[PDB]
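Coming up is one lone chain in structure tokens, specifically the form deposited in one PDB entry.
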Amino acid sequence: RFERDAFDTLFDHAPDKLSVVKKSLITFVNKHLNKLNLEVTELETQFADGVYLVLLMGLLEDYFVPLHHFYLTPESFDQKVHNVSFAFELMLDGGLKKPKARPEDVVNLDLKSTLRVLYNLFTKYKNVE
């Protein structure tokens, strides 16, 4: 909270290690997102509206996410935060750890928050086909 851990160092002291993490995270998300004919090229912006996060969660936990539970084409800040916080709910419904990120932070393009989410998922699902 005021406690830095190893993951924080990627955004100041070790930019080289941030490059490795990013490449790895893209490799990982595309492994699952391509199954729905989707692709991420920009980690900095493409998870910010919640859509890919929700679908990624559906794919990871083999959960079929119904479209009235979220916003496939969000049109507002409220709809984006709904999506992200919903994705967090799917995580909790599966018994996963709550992310050290506020849904709003992801919508507001906070890279540290965005990447920590994906890295936590990557840590859990690294080996999943």
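Just count from 1 along the sequence shown to find any residue number.
Only in words, not in the display: the form deposited with a partner chain bound, which the text now covers.
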Has each of 35, 65 and 128 got a heavy atom lying within 4.5 angstroms of its partner chain in the bound PDB entry?
no
Heavy atom contact within 4.5 Å of its partner chain in the bound PDB entry, the stretch among 66-74, 53-61, 91-99, 22-30
22-30
Exercise: residue 111 in contact with its partner chain in the bound PDB entry, heavy atom 4.5 Å
no
